S.K.: 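The structure follows.
No hydrogens, no waters, no symmetry mates; every other heavy atom, side chains included, goes into these values. Chain letters run A, B, ... following the sequence lines, proteins first, then strands; residues in each count from 1. Note that ligands are numbered from 1 as they come in the structure, with each ligand's atoms numbered from 1 the same way.
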Amino acid sequence: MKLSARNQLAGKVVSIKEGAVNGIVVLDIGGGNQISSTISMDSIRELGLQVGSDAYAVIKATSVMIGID
Amino acid sequence: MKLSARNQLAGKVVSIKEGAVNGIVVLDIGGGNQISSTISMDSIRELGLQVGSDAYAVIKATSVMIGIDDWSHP
Amino acid sequence: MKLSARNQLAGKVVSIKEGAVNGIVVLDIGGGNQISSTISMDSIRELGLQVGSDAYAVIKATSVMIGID
Amino acid sequence: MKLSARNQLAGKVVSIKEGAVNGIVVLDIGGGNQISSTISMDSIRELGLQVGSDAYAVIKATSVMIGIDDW
Amino acid sequence: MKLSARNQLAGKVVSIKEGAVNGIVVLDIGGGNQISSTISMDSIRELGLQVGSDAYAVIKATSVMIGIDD
Amino acid sequence: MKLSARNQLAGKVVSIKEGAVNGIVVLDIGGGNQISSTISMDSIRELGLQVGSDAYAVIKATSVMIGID
Ligand code: MOO
Ligand code: MOO
Ligand code: MOO
Ligand code: MOO
Ligand code: MOO
Ligand code: MOO
Ligand code: MOO
Ligand code: MOO
């Protein structure tokens, strides 16, 4: 699928924290940046995610806030 | 403030699209990545954002989905 | 791309209301259900959406609330 | 109450997966479509949800993305 | 309707900023606190919201972050 | 940090329910209102949150719906 989400950032899974119905996937997206994703355990399984998997961090633009110092 | 949001990514503003009540801020966060943020025009003004401003893309972890390529067969 | 979002509902575009930076797409997913999506104008154009387009309403499970009468 | 959320889709609970502080509710909304919802366990209990309950999937329009087959 | 959203804060509309497809509704919830809501113009119209209307700010718990003084 | 989020509501923590990857923090913001926040256990710990902590409920304007009677 091609998705409307403005942010689709390629990266590699560096850690997966398994929970009860959700888990937290951490992706190394390059440039010294990592992104954490809290998604359902069902999806972690269905997408076959493991540490070292290639994946994408997908974020709708309306979910992104801006901060400054 | 220190914020719970797991994702707080430093970057530089490369473009701002001004709308009616919202606008879209594009941040270059390095490594060839850009992040687009759709936020209120009021916030854009109050934060003094301009092209070239240093800022952060702030994303709650529950807002981030994971994708894989179409030819991966889990 | 294949996505973690638990909800990926096939439907046809029945209307697009254009805004300044966002627009609102209405998708008929069948059975008398329609879904409204508020997304960037950039995305509406990039996906080539028009009345009658085949598409999907994509919703993260953590964005779905449950209501009762 | 009546809510601004543009999407309020009637359906029946087909499953509830209990987690620690959240659970996942699946609703059959008709037309062969199901909606999965990740909400607090407290809300699952407070709303009296069980398999067979009548309910609604409620989604804010700004939470909905559009995808296409990009063949 | 009764909703799973854990946050439902009563207040009065103090302002509505109309946009193109969205508008921004501000509610006075008391205590010198206001909540701003960015929602569709269609909903603002359908709910009959005007300055002075009694309403509620409704927020899913997964949408709320916590911040602290550093 | 200063944040674009239009809603930044001061309050005191009155409850913490710990989960597997998430927890739920309840903040009393005054006027008889409490705001519940479902966030990662990691952040709950990193922010040092306990019953009695002073904190803020932070909500993006696009996450706030309006309801009426
Ligand atoms: O155009 Mo989006 O789907 O709001 O990022
Ligand atoms: O721990 Mo968060 O605020 O869900 O990213
Ligand atoms: O939270 Mo999900 O598993 O991306 O719908
Ligand atoms: O295009 Mo808007 O109405 O400023 O979100
Ligand atoms: O008008 Mo809404 O509450 O953004 O779906
Ligand atoms: O109940 Mo959890 O901590 O969201 O899996
Ligand atoms: O996640 Mo909730 O339990 O709908 O606020
Ligand atoms: O959409 Mo905002 O201006 O980050 O609350």
Side-chain angles (χ1 to χ4, degrees), chain A residues 2-8 58-67, chain B residues 21-25 35-47 49 57-59 62-63 65, chain C residues 21-25 37-47 49 57-67, chain D residues 21-25 37-47 49 57-67, chain E residues 2-8 22 24 35-38 58-65, chain F residues 2-8 22 24 35-38 58-65:
Chain A
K2 186 201 231 305
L3 200 70
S4 66
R6 301 285 80 200
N7 306 295
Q8 303 178 25
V58 177
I59 314 146
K60 200 179 183 301
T62 45
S63 300
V64 182
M65 290 154 276
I66 297 296
Chain B
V21 292
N22 294 304
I24 301 182
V25 178
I35 300 266
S36 298
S37 166
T38 300
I39 52 168
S40 71
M41 287 305 308
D42 289 325
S43 282
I44 289 169
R45 297 189 317 264
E46 291 173 14
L47 295 176
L49 301 178
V58 176
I59 312 148
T62 44
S63 299
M65 293 156 276
Chain C
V21 296
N22 292 302
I24 300 182
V25 176
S37 164
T38 301
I39 54 172
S40 70
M41 284 308 310
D42 299 327
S43 283
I44 291 167
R45 286 185 284 260
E46 292 173 15
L47 299 184
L49 302 177
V58 177
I59 311 149
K60 201 177 183 301
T62 48
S63 300
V64 184
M65 292 155 279
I66 298 295
Chain D
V21 294
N22 295 301
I24 301 181
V25 175
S37 166
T38 298
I39 56 170
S40 70
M41 287 305 308
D42 285 330
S43 284
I44 289 172
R45 288 187 291 265
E46 285 167 0
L47 297 177
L49 303 179
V58 176
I59 313 148
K60 199 176 183 299
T62 44
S63 301
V64 182
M65 289 156 277
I66 298 294
Chain E
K2 176 178 194 309
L3 202 71
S4 65
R6 297 210 65 78
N7 305 293
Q8 304 183 28
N22 294 302
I24 299 182
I35 296 180
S36 299
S37 166
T38 299
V58 174
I59 311 148
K60 199 175 185 299
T62 46
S63 299
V64 184
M65 293 156 280
Chain F
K2 280 154 194 178
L3 204 73
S4 65
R6 297 284 82 198
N7 306 296
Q8 303 183 28
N22 293 303
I24 299 184
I35 295 181
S36 302
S37 165
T38 299
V58 175
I59 312 145
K60 199 175 183 300
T62 45
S63 299
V64 184
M65 291 153 278

S.K.: Report yes or no: does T62(D) contribute a side-chain atom to a donor-acceptor pair with the main-chain N or O of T62(F) at less than 3.5 Å?
M.R.: yes

S.K.: How many angstroms lie between atom CD1 of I59(D) and atom CE of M65(C), to the nearest 0.5 angstrom?
M.R.: 8.0 Å

S.K.: For ligand 1, what is the set of protein residues having any non-hydrogen atom at a distance below 4.0 Å?
M.R.: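 Answer by chain and number: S4(A), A5(A), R6(A), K60(A), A61(A), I39(C), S40(C), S43(C), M65(D).
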
S.K.: If you measure from CG on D42(B) to OG on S4(F), what distance do you get to the nearest 0.5 Å?
M.R.: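 OG of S4(F) is found 11.5 Å from CG of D42(B).
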
S.K.: With a 3.5 Å distance limit and no angle check, can you tell me whether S37(D) reaches the backbone of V64(C) through a side-chain donor-acceptor pair?
M.R.: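 The answer is yes, because a donor-acceptor pair under 3.5 Å joins these two groups.
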
S.K.: Might you point out which heavy atoms bring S36(F) and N7(E) nearest each other, and give the distance in Å?
M.R.: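 Taking every non-hydrogen atom into account, N-OD1, 2.7 Å.
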
S.K.: Can you tell me how far the CD1 atom of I66(D) sits from the CD1 atom of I44(C), to the nearest 0.5 Å?
M.R.: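 Rounded to the nearest 0.5 Å, the CD1-CD1 separation comes to 8.5 Å.
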
